[PDB]
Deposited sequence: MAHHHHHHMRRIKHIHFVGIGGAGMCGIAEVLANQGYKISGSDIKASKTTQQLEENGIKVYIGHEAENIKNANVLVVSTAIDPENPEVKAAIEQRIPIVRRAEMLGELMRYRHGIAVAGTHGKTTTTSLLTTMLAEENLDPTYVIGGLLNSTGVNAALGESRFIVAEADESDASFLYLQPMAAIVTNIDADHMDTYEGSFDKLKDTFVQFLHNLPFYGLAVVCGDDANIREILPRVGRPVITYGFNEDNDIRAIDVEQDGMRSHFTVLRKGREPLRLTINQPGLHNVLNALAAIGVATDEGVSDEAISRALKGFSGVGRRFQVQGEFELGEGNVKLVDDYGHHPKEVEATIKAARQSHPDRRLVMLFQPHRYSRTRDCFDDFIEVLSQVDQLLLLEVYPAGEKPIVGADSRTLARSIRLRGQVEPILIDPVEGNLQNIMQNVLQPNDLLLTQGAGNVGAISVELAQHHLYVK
């Protein structure tokens, strides 16, 4: 991937906050100098230090020394001393989602959205690409148990990332493929559906959206999407269907049907009908990306979960 013009030192304000340390880890593995700051030392900050990322405790204006850009979680608060010093010194400040957007530039990015099941689905799809030997970069909002990290840099073109709908963060992403697991109510619910539509409009006109056709709210916004859509679910009118579902204690067995493919029997190593649906979402993108049946089966059968 190309260098970012004149960016050598990136400083994360609130690096112990959610979503921040995974981006910092990927950028660090790419060769950027990564520093950060946070209110209180934590298991996240103690660890970031262990991989060479200096993590100041307490926000002092001097913590942004030598930084070329600052990363904040969502909004820019001028009352924060590091933020205020950066504005005084004309240092750029971007939100986390915009920095994640830049990791997708020049990559084949897959953004996993939905109200529930993003972390699980992102993990499943990442494992499927790993099993196909496609070494993906990934950014998960949780510990991938198979690797022991939230996020890692891969050498392939792929990056799989959680796409957060809160604060409309995911509109800063420019993916080549997207998942929407569900759109659940519990601003207004109508604005929220609009933003999911906007998110999919960020796909290129030829990009793929894999969405759960069992969800009535997803079904409602499909006429507005204007991109290639593949629906998954249990219902009969889905492009991708799990049938013959058997809940077997901590494991589930099902058959996935896919247009132009022979029926495929699978076992997912996690309980719950929602995780069969999450696996269908990952299967959808993985199939389109060329992942073999064997890689999909191995990934699902032995799935170590997300911490």
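- Unmodelled regions of the deposited chain, listed from N- to C-terminal end, are 1-5, 192-197, 319-472.
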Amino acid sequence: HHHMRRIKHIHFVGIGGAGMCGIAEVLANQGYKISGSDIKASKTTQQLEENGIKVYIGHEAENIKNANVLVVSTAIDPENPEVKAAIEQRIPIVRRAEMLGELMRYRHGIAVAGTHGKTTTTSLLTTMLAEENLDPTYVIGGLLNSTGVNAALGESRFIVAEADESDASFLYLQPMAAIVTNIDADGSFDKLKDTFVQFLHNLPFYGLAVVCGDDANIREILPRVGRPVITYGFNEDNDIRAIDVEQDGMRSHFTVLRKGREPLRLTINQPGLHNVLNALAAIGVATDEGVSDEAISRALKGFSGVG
From here on, numbers count along this sequence of modelled residues.
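- Set 13-21 against 286-294 and average the Cα temperature factors; 13-21 ends up higher.
- Stretches compared: 78-86, 224-232. Higher mean C-alpha B-factor in the entry: 78-86.
- The entry assigns its greatest Cα B factor, within the set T137, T127, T115, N145, to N145.
- Comparing the C-alpha B-factors of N182, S169, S123, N133 in the entry, the top value falls on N133.
- Looking at the C-alpha B-factors along this chain, the one for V245 belongs to the highest third.
- When the CA B factors of the chain's modelled residues are split into thirds, the value for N66 lands in the highest one.
- Ranked within its chain, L153 lands in the middle third, by CA B factor from the PDB record.
- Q270: CA B factor lies in the highest third for its chain, per the PDB record.
- Ranked against the other modelled residues of its chain, the C-alpha B-factor of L192 as given in the entry falls in the middle third.
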